[PDB]
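Coordinate inspection notes
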Amino acid sequence: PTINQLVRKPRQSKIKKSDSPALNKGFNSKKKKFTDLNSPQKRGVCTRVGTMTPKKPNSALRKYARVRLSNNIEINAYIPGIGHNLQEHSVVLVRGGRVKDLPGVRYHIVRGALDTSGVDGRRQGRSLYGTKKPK
Amino acid sequence: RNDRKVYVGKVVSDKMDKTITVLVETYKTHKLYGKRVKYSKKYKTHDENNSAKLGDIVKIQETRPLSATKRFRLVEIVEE
Amino acid sequence: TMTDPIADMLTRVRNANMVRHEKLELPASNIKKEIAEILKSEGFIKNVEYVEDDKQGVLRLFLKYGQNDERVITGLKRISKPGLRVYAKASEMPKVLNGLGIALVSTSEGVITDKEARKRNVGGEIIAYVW
Amino acid sequence: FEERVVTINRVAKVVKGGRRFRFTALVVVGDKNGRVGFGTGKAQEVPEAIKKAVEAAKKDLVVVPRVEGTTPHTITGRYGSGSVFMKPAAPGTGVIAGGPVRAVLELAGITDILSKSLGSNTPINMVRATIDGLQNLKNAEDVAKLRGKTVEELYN
Amino acid sequence: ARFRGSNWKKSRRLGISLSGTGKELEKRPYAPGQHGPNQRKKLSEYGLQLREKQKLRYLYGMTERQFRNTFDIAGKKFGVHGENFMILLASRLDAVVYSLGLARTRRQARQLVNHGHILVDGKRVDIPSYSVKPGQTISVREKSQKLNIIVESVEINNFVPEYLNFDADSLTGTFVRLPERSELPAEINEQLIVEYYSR
RNA sequence: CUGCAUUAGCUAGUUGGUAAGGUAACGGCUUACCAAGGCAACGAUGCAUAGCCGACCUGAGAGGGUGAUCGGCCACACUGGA
RNA sequence: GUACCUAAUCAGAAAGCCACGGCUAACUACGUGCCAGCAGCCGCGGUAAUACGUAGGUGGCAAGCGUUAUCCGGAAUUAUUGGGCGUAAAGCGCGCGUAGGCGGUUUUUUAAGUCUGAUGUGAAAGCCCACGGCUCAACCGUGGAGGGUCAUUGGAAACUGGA
RNA sequence: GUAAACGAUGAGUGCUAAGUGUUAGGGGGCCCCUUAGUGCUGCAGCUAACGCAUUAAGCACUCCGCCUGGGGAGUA
RNA sequence: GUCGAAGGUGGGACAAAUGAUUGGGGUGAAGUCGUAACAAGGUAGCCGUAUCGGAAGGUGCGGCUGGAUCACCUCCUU
Ligand SMILES: [Mg+2]
Ligand SMILES: [Mg+2]
Ligand SMILES: [Mg+2]
Ligand SMILES: [Mg+2]
Ligand SMILES: [Mg+2]
Ligand SMILES: [Mg+2]
Ligand SMILES: [Mg+2]
Ligand SMILES: [Mg+2]
Ligand SMILES: [Mg+2]
Ligand SMILES: [Mg+2]
Ligand SMILES: [Mg+2]
Ligand SMILES: [Mg+2]
Ligand SMILES: [Mg+2]
């Protein structure tokens, strides 16, 4: 563009989207509205718990939960690790990070937080699955 | 002692009684691209005798508030 | 239509230098003549001739090639342009090629090189870079 | 002459049955004293590809003007979509370069410089851009001679 | 010291005698671990830079955070960044004590200074990180003037660099001037570490 | 010193003058009269968002992001008026 | 009765986290067998898995180490610095024309832009440089430098602007 | 009021080797020079390559229009 | 008595949520029907427009080459 064209219409940068929109929103109950706040995790209640089939070429029964967050947004969260103790009405902590195999699963459920238990029999990378030191 | 700001500009309207609006022209530079771009600011100045006329280049000086938006007084008519 | 005679002169010089031409005729002007004289003094061109004819006259430049047919002028760049004019202070005067080139400037004290501008402690409109 | 293997690439030509695989090696060769060159070699195995690349590089060498371990002045070497900006630095700075450019500069003997690859990062064209810049580099004495003056006259 | 590990395994990994004797590399100059022997892989550029940084860091027995901070403050001095960093590492009270010879090992000198057996300009200094400067004096605590370890290290007549002037009758050293690259160890390419911290 | 034109018209004490009242003070600050002025594509008006700054994070720089702690200025004290 | 100092006793109370296919420093054995699982991207897993879990070893850090969230960087990926529009995204289907942007040569004049000197100010704290005090450091203190598109005033006239 | 409305190539201006056709003129001796178009071939230069190359996609200046991963969608 | 907060009444403006029902869109595993496009893709393809048809699509009109091709004349380049 000419300098005159830049002066008339300055350059405009591309806007960046969040990978975890459900964590960027809080809810004010008194005013019954949403509010913009960046959060690293959110509490939620597991509306459903079950398994999903990944997209090709992968094949598996990946464990996930449909969770209502404290801000009233309903999301799918993956359950990492081997074995979990989650059912409907379980209260779980949700963090960002999607599962590439699972199409609509954009969050993870923290292990070893609120109701969710650590992975039983985990000994390497235990902090990633909320397992205490066996000793 | 202390003097007050003085501007020179063209008259662009005098339909008001004893008040003329003076258009002072300046050139602010674009802060990023650095090009020279025109900047106009209209000044409401006091014209007691209606001496100034639409078109003439006049001189104004800052004064105390004289009206809702009048802050200047005509000093002399530089050209006509 | 024509909008930057200095640009045009520099581009004529660049094209002639690329084709390894020996001489170069362009319409004349005071600023072009001072630029050409600065180039001659600095050693980028061989000679400058002025033809004081009608229609503003003509400037006849003679370019300079070194041994092995090497080109003395590596490149010419217009800095200040009609669409955006560039000025610099004495303390902000740019060095072309770490000093191995010249920046032709226009100053209150006549159009001079960046070295003279720095020496006399003046600034002005940076007409061009040449190296 | 020191030699560094920049990249080794397994290319394929398709045939009526299967594919024919070859190894292409890109290599830079330099004396670390202002002489550097690059070459490519194709062979059925990487050692032979490297040997041919070294022979080609040794055949094709360029002289880099330097000033106390850094280039004389800033330059942008370009080849194709490749583009490498290079700027003289001060002693102790190191070679601030990435990829093939660091190999080329080190083998050319430059120890202090700043650089940035502004264009394509395909190794051969990065190397060619770096070599283009180094070839276009100029030195004070040569430019004084070309302009018919002295170094002192040049710097005023 | 802070790093209480197999200094021989570290020397074997890094290919350098951290003690300076060479005992670690004399028998097994290859890297520890199950795959130590018959190891033949080639390090990348990043790997080489990392190995050189680790060589210097484990030679001076420092932690990564303090090492980076020292490198950062050295960068701010006038001159060559790598040489400034090396001389600043040498100026640490641990290095000065070890060079003076009040202990046979760098870790031993670190423990001495930590436990306060040393005095700088006649005052206690418990911090091995202390940066000595030219014109200062390092002494030994009177209550520890007759320690077996110290007296044995003093008996063993080690070489005293030029930038240190030592008297073993009073167990008193003086930091005469700042070191030089030649004086400082030559098995480290400080340019590699400068480039490592460049990226 | 901010985003939007998928906001283009806005303004009637509004713009100016005369007189008076009023104020620490000039002043449409308010009232009576006269006139039809005033702003606006150099973005008025409307909508949305927001305390501002010294500074802080980042970046080679140019820039980009932010406005905790500390200092300055402003605003507010359940909501509104006095 | 805190900091700090002195005297005695004991290596005795005081190391964890992540990673090891490439990027990226660090590899082997078992179990599993497109399942269980992993994953930032490319991907890995169907009997020989350095990619899944465990074990040994190794690497990076260390009273911390990993994960998530957000900002700048890398991104020249809004490009003034510093990108483009034949075929990759991009020349309006084409005129006529308003505002705006830009504008041929010479002479004189003005000094709005432009350049230059002086004065005032741009608080303190902060950042940077130097020095000093806490045993070191963080930190604290003290000077300097910096930071305006700033204002007033005095000078120059080549270029842009005005006559 | 839309087309693959195409040269998929905005307008103006100047500069940078050549060879050879054709359309409408002009000047000097079938030849030479020259203006404005319309074609082909081809240097330097440019380009990812294909190719463009005095009818530039080269070298420059001015102004305008337009682009910023593929779908969703020329949709709501 | 003037001014005057709140309140009441009224017709409009704007924003958000929600709504029987409805529309196309995206993704998904070996689903069903045909086979439009890519070679001249077996009717060259595509663009605009109109109409028709389960569906891709067909057809008409104009336009483009970003179309292959055997025989013919018409020129232009080396
Ligand atoms: Mg070749
Ligand atoms: Mg608010
Ligand atoms: Mg940048
Ligand atoms: Mg950027
Ligand atoms: Mg396109
Ligand atoms: Mg067109
Ligand atoms: Mg169209
Ligand atoms: Mg201050
Ligand atoms: Mg088109
Ligand atoms: Mg023609
Ligand atoms: Mg078909
Ligand atoms: Mg067909
Ligand atoms: Mg039909």
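**Focus on the domain arrangement of chain C**
Residues and elements named next belong to chain C. Per the domain assignment, the segments making up chain C are domain 1 (1–73) and domain 2 (74–131). Using C-alpha coordinates to define each centre, domain 1 is positioned 18 Å away from domain 2. With 16 residues of domain 1 in contact, the opposing surface of domain 2 contributes 18 residues. Considering only the surface of domain 1 that becomes buried against domain 2, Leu10, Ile38 and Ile73 emerge as the three largest contributors, covering 34% of it. The salt bridge partner of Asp4 is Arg78, with a shortest N-O separation of 2.9 Å. The interface formed by domain 1 and domain 2 contains three residue pairs in polar contact. Every element with two or more residues in the side of domain 1 that touches domain 2 is listed here: α1 (5–19) and α2 (30–42). Looking at which element gives the most residues to the side of domain 1 that touches domain 2, the answer is α2, with six residues. Partitioning the side of domain 1 that touches domain 2 into residue classes produces eleven nonpolar, one polar and four charged.

**Describing the protein's contact with RNA strand F**
Residue and element names in this part refer to chain B. In the vicinity of RNA strand F there are 19 residues, among which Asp17, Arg64, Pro65, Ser67 and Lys70 approach most closely. Protein-proximal atoms of RNA strand F, defined as those within 4 Å of the protein, fall in sugar or phosphate at a share of 90%. Contacts to RNA strand F include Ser13, whose side-chain N or O atom sits 2.7 Å from a phosphate oxygen. Here the surface near RNA strand F gets five residues from one element, more than from any other, and that element is strand β3 (residues 36–46). A class-by-class count of the residues in the surface near RNA strand F yields six nonpolar, five polar and eight charged.

**Comments concerning the protein's contact with RNA strand G**
In the neighbourhood of RNA strand G, 99 residues make up the surrounding shell, with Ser18(A), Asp101(A), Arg126(A), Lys53(E) and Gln54(E) lying closest. Taken together, the sugar and phosphate atoms account for 73% of what RNA strand G places within 4 Å of the protein. For RNA strand G, a phosphate oxygen lies 3.0 Å from a polar atom in the side chain of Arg122(A). The separation between a base nitrogen of RNA strand G and a polar side-chain atom of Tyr87(C) is 3.0 Å. Element by element, the count of residues in the surface near RNA strand G is highest for helix α3 (residues 45–59) of chain E, at six residues. Taken together, the residues of the surface near RNA strand G sort by class into 30 nonpolar, 38 polar and 31 charged.

Definitions and cut-offs
- Residues numbered from 1 in each chain as written, not as in the entry; some residues may be left out.
- Chains lettered and ligands numbered in written order.
- Part of a larger assembly, values for the part shown.
- Heavy atoms only, no water.
- Domains from an automatic or database assignment.
- Contact = heavy atoms within 4.5 Å.
- Buried area = accessible area lost by both parts, 1.4 Å probe.
- Salt bridge = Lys/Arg side-chain N within 4 Å of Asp/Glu carboxyl O.
- Polar contact = N/O pair within 3.5 Å; in protein donor to acceptor, adjacent residues only side chain to side chain.
- Helix = DSSP H or I, 4+ residues; strand = E, 2+ residues; numbered from the N terminus.
- Nonpolar A, V, L, I, M, F, W, Y, C, P; charged D, E, K, R; others polar.
- Near = heavy atom within 4 Å.

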